[PDB]
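In case you want the letters, here they are:
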Amino acid sequence: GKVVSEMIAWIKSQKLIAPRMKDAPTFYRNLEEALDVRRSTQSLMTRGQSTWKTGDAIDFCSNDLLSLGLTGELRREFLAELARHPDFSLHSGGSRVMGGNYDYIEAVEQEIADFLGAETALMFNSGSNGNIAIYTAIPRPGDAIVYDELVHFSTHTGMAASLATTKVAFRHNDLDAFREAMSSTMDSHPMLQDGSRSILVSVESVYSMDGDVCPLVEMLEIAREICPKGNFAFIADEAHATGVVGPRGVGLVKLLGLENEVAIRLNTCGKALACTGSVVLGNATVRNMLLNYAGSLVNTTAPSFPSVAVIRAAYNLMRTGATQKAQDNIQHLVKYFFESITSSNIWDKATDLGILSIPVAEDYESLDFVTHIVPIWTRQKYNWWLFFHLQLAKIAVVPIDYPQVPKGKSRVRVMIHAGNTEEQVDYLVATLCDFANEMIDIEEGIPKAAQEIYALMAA
Amino acid sequence: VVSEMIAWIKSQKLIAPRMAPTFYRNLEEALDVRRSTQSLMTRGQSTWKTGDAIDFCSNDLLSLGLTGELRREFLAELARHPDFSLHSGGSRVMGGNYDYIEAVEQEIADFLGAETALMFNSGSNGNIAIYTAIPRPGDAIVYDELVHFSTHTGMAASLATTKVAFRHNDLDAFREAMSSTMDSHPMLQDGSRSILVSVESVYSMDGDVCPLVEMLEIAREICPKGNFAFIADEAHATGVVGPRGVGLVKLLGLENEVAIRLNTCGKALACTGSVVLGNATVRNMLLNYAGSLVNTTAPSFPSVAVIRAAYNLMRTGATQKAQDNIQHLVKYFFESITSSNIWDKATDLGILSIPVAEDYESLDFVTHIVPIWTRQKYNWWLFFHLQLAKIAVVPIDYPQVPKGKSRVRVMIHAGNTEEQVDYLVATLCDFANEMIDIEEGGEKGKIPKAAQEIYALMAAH
Ligand SMILES: C=C/C(=N\C=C1\C(COP(=O)(O)O)=CNC(C)=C1O)C(=O)O
Ligand SMILES: C=C/C(=N\C=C1\C(COP(=O)(O)O)=CNC(C)=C1O)C(=O)O
């Protein structure tokens, strides 16, 4: 219904356009050629995945992790906050370092810093812009940056525009690769050996595409061994930790008691906190560096009063414990899914033959917590078939494919939210087991859902 | 005013003497570079917000923030959507699209005469998306040297390997850049790649206006095959320029001649955000190739509702009186200052320079941006003089502008008054006479009175 119409519109958007542009102006011809590159791999994006918003599919795909958007709970606190300031000055006035600073945003920043165990907080209009500010303003000429290969797009962008001339990736979440990257970097830079410059380590506390967790404590001990003079600093992107991990949602750094061991933290508002924005946490030196050397921040308008107030409302709900039941339900639902799927009659065979692969589901019991992110893998030649199967079963997931990941690394990403139900998880597990069975049957002799999409294409 | 100045003074005191782990020591060393030129930024210029100084400083050009007019429409908009879904859901191309934001985009496009619109959280992000998604390999970009920081950043991250600046607002320089770029690229000569031209409608730190009609004629001359596209950054034009605030492009009837336009919400529209305007091909290019957009959360409902409210105020004519009042007040300032007894002498000697005030009468309209120059060695003294007179302005210095090109930026707002302009004119004339007097007295160590007070407070703390 809505699923089929969203899917027909998607199919039509992949039809090549350059053959109809032969007499158009050069400028538009060449843009439609560039769009045709993405169309030619059925990867052109247009209107996204929205069947869940109309209730026509289960939401196993959105970033509304605590369901604070879905329930209106954030909206009600946001409106309460605006009602406590009936004469509020909506407009900031300009740049945060020119006409745009004001008492309310500084007070809200300090509330958040205090709740999260940091000396200061600086507000941005997104997590992406916070990472841009960090890696353009913080690294010094002669510094080196050592980063997990799977840091966010905005970190890669920020590092590429950085003053630091040494940037080293290491294999994702691999402690031996981290040690080798640190060792090799320290040993090849005289200014790092003598301690006149620093190694900046960039990690995510929870990884957007894989759902695993940064071994922060272990990486800190390694950093101290390779850098006896202490000339290093960690930067932790907690986009997918805040609200989900730790008591009252303080995130992974505070949960591990590392708030004084991590120089820079980024906590964003676009996922569990159900709005937009972010704060960068650090001491006054870090904050003043951002205000003076992050060109991106200097040259943009400071947040309006409503944008600050909605962030305060999110933190209000967290700080007062109003989110703890939802945060706990994520844990329950995710483990509920792990137990159900790994207990299915087909789980062993499908994992053996490579038909299904859910790495976060392996050894989840040896974890102090699970995360809301469940990437699900099949054979690379089956990935669209898996998505089509879930889609036609009215389960909304996000397909992950080139250009978001390399060709041949495609998957689907299931997001488990606080407002999901055990019945929905039951339906997800059954639906997954159907797909696994259909493929096991085919290999021992096109799946039905793909047949259906391919029929729509032929139409 | 004094508390702001004291805090500013202390912030310039060198910290590295006390510095400490390597990481923090090197940071405060970098901060000390700014402190040593008394140019560290911290809390900005805010004395006007509490009424302790006149606002000749802020970007609240139509006074929609000051009057509460935007706030009231924004809250009425929210009340008309009592069950609104606050959270977008994710990225605009994944979980974060929804009907309300698509409808508000199209309403803004229709108001501005464009085919389609795409919403961003800022004008900066809009420019980042444009220059990272739109230029193709083999294209050239020809840009005014004074485009915005975000445009410089985006162009550096561009796939275009030819990028050519031209001298600010200079039609001869533009023609030279276009013709030399055409003359050296065979694929521009044969029409198979494009020249992208990047300008601002109204220039943030200079207040002059792009001669857009004249640039389009030159482009058509140099590119007879039509293989060019204009990109107009209208940050300082929406709300202030054109009938009902539609901006410069629409004022000139060039909606179909300028392929890409940026209209931002952080100035006259008194909030935050932007839209990029163009046809569906342009919009699809941003959605697919601007990684900054693909990898960020789509706007919340209130962020879209406050922008809708600002455009609804404009489209219902509720900003036209304020827009006309800016024009009156700026022209009133120009007539007053250029009528001052000391004007001719101060401008001849270079004690005062206000280029936008010369030949203002021959303009079809004026802008709110009034950059005021003195001698470079007096610019902080000028700011001190205004600040102590309880007049708030923004002091502009490197890195915002090149070394040796510092100035102060007055912004005129609909909410200002002729009496406030009178006091500004008088304060500027006092400053001019005092500095003329010092220069003629032959005592090279003599400090003006405002700067004396600042130096006294520095001596204390
Ligand atoms: C675009 C949504 C999204 N990813 C966003 C992240 C950001 C950007 O934050 P925002 O600009 O949206 O505020 C910074 N770091 C990390 C680790 C992220 O996952 C997702 O669907 O996972
Ligand atoms: C933020 C301060 C400000 N200038 C902002 C401009 C931007 C960025 O817009 P935002 O990111 O703030 O939305 C793009 N283009 C132009 C021409 C601008 O003047 C000013 O005080 O001049």
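Definitions and limits used
- Residues numbered from 1 in each chain as written, not as in the entry; some residues may be left out.
- Chains lettered and ligands numbered in written order.
- Heavy atoms only, no water.
- Helix = DSSP H or I, 4+ residues; strand = E, 2+ residues; numbered from the N terminus.
- Buried < 20%, exposed > 50% of the residue type's maximum accessible area, 1.4 Å probe, protein only.
- Areas by Shrake-Rupley, 256 points an atom, 1.4 Å probe, with all protein chains shown as cover.
- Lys, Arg positive; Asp, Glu negative; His and termini not counted.
- Charge placed at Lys NZ, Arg CZ, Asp CG, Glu CD.
- Near = heavy atom within 4 Å.
- Polar contact = N/O pair within 3.5 Å; in protein donor to acceptor, adjacent residues only side chain to side chain.
- Nonpolar A, V, L, I, M, F, W, Y, C, P; charged D, E, K, R; others polar.
- Domains from an automatic or database assignment.
- Contact = heavy atoms within 4.5 Å.
- Buried area = accessible area lost by both parts, 1.4 Å probe.
- Salt bridge = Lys/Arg side-chain N within 4 Å of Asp/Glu carboxyl O.
- Patch = residues over 30% accessible without salt bridge, like charges linked within 9 Å, V, L, I, M, F, W, Y side chains within 5 Å.
- Pairing = 2+ DSSP bridges.
- Axes fitted to C-alpha atoms, helices over the stretch in contact; angles between N-to-C directions.
- Core = buried A, V, L, I, M, F, W, Y, C linked by side-chain atoms within 4.5 Å.
- Parallel < 35°, antiparallel > 145°, perpendicular 65-115°, else oblique.
- Left-handed = near helix turned anticlockwise from the far one by under 90°.
- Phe/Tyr/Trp six-rings, centres within 6.5 Å; stacked < 30°, edge-to-face > 60°.

- In the PDB header, X-ray crystallography is given as the technique by which the entry was determined, and 1.85 Å as its resolution.

### What about the overall build of chain B?
Right, on to step 1. Scanning chain B from N- to C-terminus turns up 19 helices and 12 strands.
Right, on to step 2. The buried share of chain B, reckoned over its 461 residues, is 62%.
Right, on to step 3. Counting only carbon and sulfur atoms, one obtains 52% of the accessible surface of chain B, whose full area is about 17000 Å².
Right, on to step 4. Across chain B, the centroid of the 39 positively charged side chains sits 7 Å from that of the 54 negatively charged ones.

### A few points about the overall build of chain A
Right, on to step 1. A tally of helices and strands in chain A yields 19 helices and 12 strands.
Right, on to step 2. By its C-alpha atoms, chain A is 65 × 60 × 60 Å across when sized along the principal axes.
Right, on to step 3. Split into buried and exposed, the 459 residues of chain A put 62% on the buried side.
Right, on to step 4. Within chain A, one finds 39 positive and 54 negative side-chain charges whose respective centroids are separated by 8 Å.

### Regarding the site of ligand 2
Right, on to step 1. The immediate surroundings of ligand 2 are formed by 15 residues, with A:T300, A:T301, B:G123, B:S204 and B:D233 found nearest.
Right, on to step 2. Between ligand 2 and A:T300 there is a distance of 2.6 Å, counted from an oxygen atom to a side-chain nitrogen or oxygen.
Right, on to step 3. Between ligand 2 and B:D233 there is a distance of 2.6 Å, counted from a nitrogen atom to a side-chain nitrogen or oxygen.
Right, on to step 4. Considering only residue class, the shell around ligand 2 consists of 1 nonpolar, 10 polar and 4 charged.

### Points about the domain arrangement of chain B
All names here are of chain B.
Right, on to step 1. Its domain assignment divides chain B into domain 1 (45-60 + 321-460) and domain 2 (84-315).
Right, on to step 2. For domain 1 and domain 2, the distance between their C-alpha centres works out to 32 Å.
Right, on to step 3. Tallying the contact residues gives 17 residues for domain 1 and 20 residues for domain 2.
Right, on to step 4. Taken together, the two surfaces of domain 1 and domain 2 that pack against each other cover about 1400 Å², and 60% of this comes from carbon and sulfur.
Right, on to step 5. A per-residue breakdown of the area domain 1 buries against domain 2 is headed by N59, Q323 and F365, which together make up 36% of the total.
Right, on to step 6. If you look at where domain 1 meets domain 2, you find 1 salt bridge.
Right, on to step 7. The closest approach of N and O atoms between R407 and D206, which form a salt bridge, is 3.4 Å.
Right, on to step 8. Among the elements of the structure, α15 (320-339), β9 (369-372) and β12 (407-411) are those that each provide at least two residues to the side of domain 1 that touches domain 2.
Right, on to step 9. Class assignment of the residues belonging to the side of domain 1 that touches domain 2 gives a composition of 9 nonpolar, 5 polar and 3 charged.

### A look at a negative patch on the surface
All names here are of chain A.
Right, on to step 1. A grouping of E339, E362, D363 and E365 is seen on the molecular surface, where their side chains present a negatively charged patch.
Right, on to step 2. Secondary-structure assignment places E365 in the loop between α16 (347-352) and β9 (373-376).
Right, on to step 3. The class of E365 is exposed, set by a relative accessible area of 63%.

### A few points about the interface of chain B and chain A
Right, on to step 1. On the chain A side, the residues contacting the 93 residues of chain B number 91 residues.
Right, on to step 2. The junction of chain B with chain A conceals about 7400 Å² of combined surface from both sides, 55% of it contributed by carbon and sulfur atoms.
Right, on to step 3. At the junction of chain B and chain A, the tally comes to 3 salt bridges.
Right, on to step 4. Run the count over chain B and chain A and you get 38 residue pairs in polar contact.
Right, on to step 5. Mapped onto the side of chain B that touches chain A, the elements with two or more residues apiece are α2 (22-36), α4 (69-79), α5 (99-112), α6 (123-133), α12 (280-289), α13 (291-294), α14 (301-315) and β11 (394-396) of chain B.
Right, on to step 6. Within the side of chain B that touches chain A, the residues separate by chemical class into 39 nonpolar, 40 polar and 14 charged.

### A closer look at the side chain of A:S92
Right, on to step 1. Tracing the backbone through its elements, the reader meets A:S92 in the loop between α4 (73-83) and α5 (103-116).
Right, on to step 2. At a separation of 3.3 Å, a polar atom in the side chain of A:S92 contacts the main-chain carbonyl oxygen of A:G94.
Right, on to step 3. Separated by 3.0 Å, the side chain of A:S92 and the backbone oxygen of A:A302 make a polar contact.
Right, on to step 4. With residues up to four places along the chain from it excluded, the contact list for A:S92 reads A:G99, A:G100, A:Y102, A:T301, A:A302, A:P303, A:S304 and B:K49.

### Notes on the sheet that holds strand β3 (residues 140-144) of chain B
All names here are of chain B.
Right, on to step 1. Ordered by their spatial adjacency, 7 strands build an open sheet running β2-β8-β7-β6-β5-β3-β4, and the pairing between neighbours is mixed. What marks the edges here is a single partner per strand, and that holds for β2 (116-120) and β4 (162-166). Between one strand axis and the next, the sheet turns by 20 degrees as a mean value, whatever way the strands run.
Right, on to step 2. Where strand β5 (residues 195-200) and strand β6 (residues 228-233) come together, 6 bridges link them in parallel fashion. Counterpart to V197 in the pairing with β6 is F230.

### Section: the nonpolar core
Right, on to step 1. Core analysis: the biggest nonpolar cluster contains 215 residues, and A:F337 and B:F333 have the highest contact counts within it.
Right, on to step 2. B:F333 has contacts with B:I354, B:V370, B:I372, B:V421, B:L424, B:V425 and B:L428, leaving out every residue within four places of it along the chain.
Right, on to step 3. Within the second largest apolar cluster, 45 residues are counted, among which are A:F124, A:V280, A:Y293 and B:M205.

### Describing the sheet that holds β11(B)
All names here are of chain B.
Right, on to step 1. Judged by pairing direction, the sheet is antiparallel, and its 3 strands sit side by side in the order β9-β12-β11 without closing on themselves. Two strands lie at the open edges of the sheet, namely β9 and β11, each paired on one side alone. The sheet shows a mean angle of 30 degrees between the axes of neighbouring strands, direction not considered.
Right, on to step 2. The pairing of β11 with β12 spans 3 bridges and is classified as antiparallel.

### What to know about the packing of helix α6 (residues 127-137) of chain A against helix α7 (residues 153-160) of chain A
Helix-helix packing is characterised by the crossing angle of the two axes and by the distance between the axes.
All names here are of chain A.
Right, on to step 1. Here α6 crosses α7 at 25 degrees, and the two axes come no closer than 8 Å. Considering their axes alone, α6 and α7 lie roughly parallel with respect to each other. Along this stretch, α6 crosses α7, giving a crossing that reads as right-handed. For the pair α6 and α7, the contacting residues are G127, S128, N131, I132, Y135 and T136 in the first and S154, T155, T157, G158 and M159 in the second.

### A few points about the site of ligand 1
Right, on to step 1. In the region of ligand 1, 17 residues are neighbours, and A:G127, A:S208, A:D237, B:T296 and B:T297 sit closest.
Right, on to step 2. The environment of ligand 1 is shared, with nearby residues belonging to chains A and B.
Right, on to step 3. With respect to ligand 1, the side chain of A:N63 contributes an N or O atom lying 2.9 Å from an oxygen atom.
Right, on to step 4. Between ligand 1 and the protein, one listed contact pairs a nitrogen atom with a side-chain N or O atom of A:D237 at 2.5 Å.

### Focus on the domain arrangement of chain A
All names here are of chain A.
Right, on to step 1. Along its sequence, chain A is carved into domain 1 (49-66 + 325-458) and domain 2 (73-319).
Right, on to step 2. Just the C-alpha atoms count here: the centres of domain 1 and domain 2 sit 31 Å apart.
Right, on to step 3. At the junction of the two partners, domain 1 supplies 18 residues and domain 2 supplies 20 residues.
Right, on to step 4. Both faces combined, the contact of domain 1 with domain 2 buries some 1500 Å², and carbon together with sulfur accounts for 61% of it.

### Examining the packing of aromatic side chains
The geometry of an aromatic ring pair is captured by two quantities: the separation of the ring centres and the angle between the planes.
All names here are of chain A.
Right, on to step 1. With the rule as written, the count across this model stands at 30 aromatic pairs over all chains.
Right, on to step 2. A ring pair is formed by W10 and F388, whose centres lie 6.2 Å apart and whose planes are at 65 degrees; its orientation type is edge-to-face. Of this pair, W10 sits in helix α1 (residues 2-13) while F388 sits in helix α17 (residues 383-392), and the two are 378 residues apart along the sequence. The residues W10 and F388 share a single accessibility class, namely buried.

### Some words on the packing of helix α8 (residues 175-188) of chain A against helix α10 (residues 216-226) of chain A
All names here are of chain A.
Right, on to step 1. The interhelical angle for the contact between α8 and α10, taken along N-to-C directions, is 25 degrees, at an axis separation of 10 Å. Considering the angle they form, α8 stands roughly parallel to α10. Considering only the axes of α8 and α10, their crossing is right-handed. Across the interface between the two elements, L175, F178, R179, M182, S183 and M186 of α8 pack against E218, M219, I222, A223, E225 and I226 of α10.
Right, on to step 2. Residues that form the contact of α8 with α10 fall into these classes: 8 nonpolar, 1 polar and 3 charged.

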